[PDB]
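Trainee: One structure is given below, represented as structure tokens, and several questions about it will come after.
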Amino acid sequence: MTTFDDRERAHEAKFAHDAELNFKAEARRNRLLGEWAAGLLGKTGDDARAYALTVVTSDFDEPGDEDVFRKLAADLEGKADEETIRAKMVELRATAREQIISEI
């Protein structure tokens with residue numbers, strides 16, 4: 001009865017016309033970071049998937065806020081160095097578009 005159908009995806013040239021399919025890769029930078037911490041925290045399957053679906057802010061650019069580092073170094077206590085957090089998510093600017101163009 002419902003008014004929806006969302007089906008397979010079809011990104012054919014869409015990354016330089018459309019918003020909707022662009023948007024995911026346009027951002028992505030923080031969407032994949034719970035999918036990192038998941039495994040380290042022992043989360044797998046839906047335990048990973050659901051956890052990943054509550055990890056987005058895009059913190060830690062210039063000093064003035066800094067909470068994600070503070071929270072991760074507690075949550076991930078024993079599984080990430082300070083530098084292991086602060087060096088990682090730096091590069092994911094590239095990995096963000098990459099993982100979409102991988103898992104099309």
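Chain labels follow the order of the structure tokens: the first chain is A, the next B, and so on; residue numbering restarts at 1 in every chain, and ligands are counted from 1 in their shown order.
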Which polymer residues have any atom within 10 Å of an atom of region 36-42 of chain A, counting only C-alpha atoms, with same-chain residues fewer than 4 positions away left out, as a PDB file with N, CA and C atoms, in the first residue's frame?
Mentor:
```pdb
ATOM      1  N   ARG A  31      31.141   8.968   8.353  1.00  0.00           N
ATOM      2  CA  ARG A  31      30.183   7.863   8.246  1.00  0.00           C
ATOM      3  C   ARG A  31      30.878   6.524   8.417  1.00  0.00           C
ATOM      4  N   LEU A  32      32.130   6.440   7.984  1.00  0.00           N
ATOM      5  CA  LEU A  32      32.905   5.212   7.980  1.00  0.00           C
ATOM      6  C   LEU A  32      33.696   5.004   9.281  1.00  0.00           C
ATOM      7  N   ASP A  47      25.795  -5.539  15.584  1.00  0.00           N
ATOM      8  CA  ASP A  47      26.448  -4.809  16.667  1.00  0.00           C
ATOM      9  C   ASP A  47      27.401  -3.757  16.104  1.00  0.00           C
ATOM     10  N   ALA A  48      28.062  -4.065  14.980  1.00  0.00           N
ATOM     11  CA  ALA A  48      28.884  -3.104  14.262  1.00  0.00           C
ATOM     12  C   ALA A  48      27.979  -2.140  13.501  1.00  0.00           C
ATOM     13  N   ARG A  49      26.989  -2.668  12.770  1.00  0.00           N
ATOM     14  CA  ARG A  49      26.224  -1.861  11.826  1.00  0.00           C
ATOM     15  C   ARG A  49      25.482  -0.757  12.571  1.00  0.00           C
ATOM     16  N   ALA A  50      24.803  -1.104  13.662  1.00  0.00           N
ATOM     17  CA  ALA A  50      24.003  -0.188  14.459  1.00  0.00           C
ATOM     18  C   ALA A  50      24.895   0.844  15.145  1.00  0.00           C
ATOM     19  N   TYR A  51      26.034   0.419  15.701  1.00  0.00           N
ATOM     20  CA  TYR A  51      27.005   1.328  16.299  1.00  0.00           C
ATOM     21  C   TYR A  51      27.482   2.350  15.264  1.00  0.00           C
ATOM     22  N   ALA A  52      27.826   1.905  14.053  1.00  0.00           N
ATOM     23  CA  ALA A  52      28.256   2.793  12.981  1.00  0.00           C
ATOM     24  C   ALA A  52      27.211   3.874  12.684  1.00  0.00           C
ATOM     25  N   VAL A  55      27.645   7.296  14.759  1.00  0.00           N
ATOM     26  CA  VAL A  55      28.970   7.930  14.769  1.00  0.00           C
ATOM     27  C   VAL A  55      29.057   8.922  13.593  1.00  0.00           C
ATOM     28  N   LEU A  72      36.530   9.089  22.454  1.00  0.00           N
ATOM     29  CA  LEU A  72      37.176   7.903  21.902  1.00  0.00           C
ATOM     30  C   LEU A  72      38.275   7.422  22.824  1.00  0.00           C
ATOM     31  N   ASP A  75      36.308   5.516  25.375  1.00  0.00           N
ATOM     32  CA  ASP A  75      35.537   4.380  24.851  1.00  0.00           C
ATOM     33  C   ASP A  75      36.488   3.267  24.397  1.00  0.00           C
ATOM     34  N   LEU A  76      37.501   3.665  23.626  1.00  0.00           N
ATOM     35  CA  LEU A  76      38.527   2.890  22.945  1.00  0.00           C
ATOM     36  C   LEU A  76      39.777   2.714  23.820  1.00  0.00           C
ATOM     37  N   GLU A  77      39.671   2.973  25.125  1.00  0.00           N
ATOM     38  CA  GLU A  77      40.756   2.896  26.094  1.00  0.00           C
ATOM     39  C   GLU A  77      41.387   1.500  26.059  1.00  0.00           C
ATOM     40  N   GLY A  78      42.619   1.423  25.550  1.00  0.00           N
ATOM     41  CA  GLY A  78      43.398   0.206  25.414  1.00  0.00           C
ATOM     42  C   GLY A  78      43.564  -0.222  23.957  1.00  0.00           C
ATOM     43  N   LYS A  79      42.930   0.476  23.001  1.00  0.00           N
ATOM     44  CA  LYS A  79      42.846   0.087  21.587  1.00  0.00           C
ATOM     45  C   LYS A  79      43.161   1.233  20.625  1.00  0.00           C
ATOM     46  N   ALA A  80      43.354   2.453  21.128  1.00  0.00           N
ATOM     47  CA  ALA A  80      43.882   3.560  20.344  1.00  0.00           C
ATOM     48  C   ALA A  80      44.736   4.472  21.212  1.00  0.00           C
ATOM     49  N   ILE A  85      44.183   7.918  17.118  1.00  0.00           N
ATOM     50  CA  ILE A  85      42.959   8.626  16.743  1.00  0.00           C
ATOM     51  C   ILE A  85      43.332   9.788  15.818  1.00  0.00           C
TER      52      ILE A  85
END
```
Trainee: Tell me, as a VMD selection string, which residues lie within 9 Å of region 16-28 of chain A, counting only C-alpha atoms; anything in the same chain fewer than 6 positions away does not count.
Mentor: chain A and resid 9 to 10 92 to 93 95 to 101
Trainee: Dump C-alpha atoms for the selected residues as a PDB file, in the first residue's frame?
Mentor:
```
ATOM      1  CA  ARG A   9      21.288   2.087  -7.035  1.00  0.00           C
ATOM      2  CA  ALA A  10      22.337   3.364 -10.498  1.00  0.00           C
ATOM      3  CA  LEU A  92      39.620   9.591   5.386  1.00  0.00           C
ATOM      4  CA  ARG A  93      38.869  12.670   3.306  1.00  0.00           C
ATOM      5  CA  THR A  95      38.870   7.121   1.748  1.00  0.00           C
ATOM      6  CA  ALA A  96      35.342   8.688   1.897  1.00  0.00           C
ATOM      7  CA  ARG A  97      34.882   8.898  -1.912  1.00  0.00           C
ATOM      8  CA  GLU A  98      36.999   5.758  -2.434  1.00  0.00           C
ATOM      9  CA  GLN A  99      34.739   3.417  -0.397  1.00  0.00           C
ATOM     10  CA  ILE A 100      31.626   4.541  -2.365  1.00  0.00           C
ATOM     11  CA  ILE A 101      33.364   4.122  -5.768  1.00  0.00           C
TER      12      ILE A 101
END
```
Trainee: Identify, on the basis of only C-alpha atoms, every residue whose closest approach to region 65-70 of chain A does not exceed 10 Å; exclude the query and any residue fewer than 3 positions from it along the same chain; express the result as a PDB file with N, CA, C and O atoms, in the first residue's frame.
Mentor:
```pdb
ATOM      1  N   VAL A  55      27.645   7.296  14.759  1.00  0.00           N
ATOM      2  CA  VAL A  55      28.970   7.930  14.769  1.00  0.00           C
ATOM      3  C   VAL A  55      29.057   8.922  13.593  1.00  0.00           C
ATOM      4  O   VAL A  55      29.518   8.551  12.513  1.00  0.00           O
ATOM      5  N   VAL A  56      28.589  10.168  13.766  1.00  0.00           N
ATOM      6  CA  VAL A  56      28.791  11.275  12.821  1.00  0.00           C
ATOM      7  C   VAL A  56      28.796  12.608  13.584  1.00  0.00           C
ATOM      8  O   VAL A  56      27.791  12.978  14.196  1.00  0.00           O
ATOM      9  N   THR A  57      29.874  13.384  13.470  1.00  0.00           N
ATOM     10  CA  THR A  57      29.901  14.808  13.803  1.00  0.00           C
ATOM     11  C   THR A  57      30.908  15.574  12.924  1.00  0.00           C
ATOM     12  O   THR A  57      30.568  16.665  12.461  1.00  0.00           O
ATOM     13  N   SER A  58      32.078  14.991  12.624  1.00  0.00           N
ATOM     14  CA  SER A  58      33.185  15.598  11.871  1.00  0.00           C
ATOM     15  C   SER A  58      33.976  16.634  12.694  1.00  0.00           C
ATOM     16  O   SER A  58      34.357  17.692  12.191  1.00  0.00           O
ATOM     17  N   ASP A  59      34.230  16.310  13.958  1.00  0.00           N
ATOM     18  CA  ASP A  59      34.974  17.108  14.939  1.00  0.00           C
ATOM     19  C   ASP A  59      36.467  17.262  14.579  1.00  0.00           C
ATOM     20  O   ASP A  59      36.946  16.650  13.613  1.00  0.00           O
ATOM     21  N   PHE A  60      37.228  17.976  15.417  1.00  0.00           N
ATOM     22  CA  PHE A  60      38.691  17.985  15.480  1.00  0.00           C
ATOM     23  C   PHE A  60      39.261  18.620  14.205  1.00  0.00           C
ATOM     24  O   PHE A  60      40.032  18.000  13.463  1.00  0.00           O
ATOM     25  N   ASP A  61      38.899  19.881  13.965  1.00  0.00           N
ATOM     26  CA  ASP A  61      39.571  20.743  12.995  1.00  0.00           C
ATOM     27  C   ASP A  61      39.749  22.133  13.598  1.00  0.00           C
ATOM     28  O   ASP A  61      38.762  22.855  13.783  1.00  0.00           O
ATOM     29  N   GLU A  62      41.007  22.473  13.912  1.00  0.00           N
ATOM     30  CA  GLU A  62      41.477  23.644  14.668  1.00  0.00           C
ATOM     31  C   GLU A  62      41.020  23.567  16.149  1.00  0.00           C
ATOM     32  O   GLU A  62      39.950  23.021  16.410  1.00  0.00           O
ATOM     33  N   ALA A  73      39.121   8.297  23.363  1.00  0.00           N
ATOM     34  CA  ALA A  73      40.219   7.851  24.203  1.00  0.00           C
ATOM     35  C   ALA A  73      39.730   7.178  25.493  1.00  0.00           C
ATOM     36  O   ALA A  73      40.501   6.435  26.105  1.00  0.00           O
ATOM     37  N   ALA A  74      38.470   7.408  25.888  1.00  0.00           N
ATOM     38  CA  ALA A  74      37.800   6.695  26.961  1.00  0.00           C
ATOM     39  C   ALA A  74      37.134   5.421  26.422  1.00  0.00           C
ATOM     40  O   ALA A  74      37.336   4.340  26.974  1.00  0.00           O
ATOM     41  N   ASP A  75      36.308   5.516  25.375  1.00  0.00           N
ATOM     42  CA  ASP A  75      35.537   4.380  24.851  1.00  0.00           C
ATOM     43  C   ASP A  75      36.488   3.267  24.397  1.00  0.00           C
ATOM     44  O   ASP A  75      36.351   2.106  24.781  1.00  0.00           O
ATOM     45  N   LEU A  76      37.501   3.665  23.626  1.00  0.00           N
ATOM     46  CA  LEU A  76      38.527   2.890  22.945  1.00  0.00           C
ATOM     47  C   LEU A  76      39.777   2.714  23.820  1.00  0.00           C
ATOM     48  O   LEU A  76      40.844   2.382  23.300  1.00  0.00           O
ATOM     49  N   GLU A  82      46.564   8.242  21.451  1.00  0.00           N
ATOM     50  CA  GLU A  82      46.076   9.577  21.127  1.00  0.00           C
ATOM     51  C   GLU A  82      46.372   9.882  19.657  1.00  0.00           C
ATOM     52  O   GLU A  82      45.509  10.333  18.895  1.00  0.00           O
ATOM     53  N   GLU A  83      47.598   9.563  19.239  1.00  0.00           N
ATOM     54  CA  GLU A  83      48.061   9.761  17.879  1.00  0.00           C
ATOM     55  C   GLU A  83      47.400   8.804  16.895  1.00  0.00           C
ATOM     56  O   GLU A  83      47.175   9.180  15.751  1.00  0.00           O
ATOM     57  N   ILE A  85      44.183   7.918  17.118  1.00  0.00           N
ATOM     58  CA  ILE A  85      42.959   8.626  16.743  1.00  0.00           C
ATOM     59  C   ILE A  85      43.332   9.788  15.818  1.00  0.00           C
ATOM     60  O   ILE A  85      42.874   9.839  14.671  1.00  0.00           O
ATOM     61  N   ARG A  86      44.150  10.731  16.313  1.00  0.00           N
ATOM     62  CA  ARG A  86      44.328  12.039  15.675  1.00  0.00           C
ATOM     63  C   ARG A  86      45.006  11.981  14.315  1.00  0.00           C
ATOM     64  O   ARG A  86      44.943  12.977  13.601  1.00  0.00           O
TER      65      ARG A  86
END
```
Trainee: Step one, run DSSP on the backbone; step two, keep only residues of region 20-86 of chain A assigned to alpha helix (DSSP H); then write them as an MDAnalysis selection string.
Mentor: chainID A and resid 20:27 34:40 45:52 68:75 82:86
Trainee: I'd like the interatomic distance between CA of residue 45 (chain A) and CA of residue 103 (chain A), to a tenth of an Å.
Mentor: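 Rounded to one decimal, the two atoms are 17.6 Å apart.
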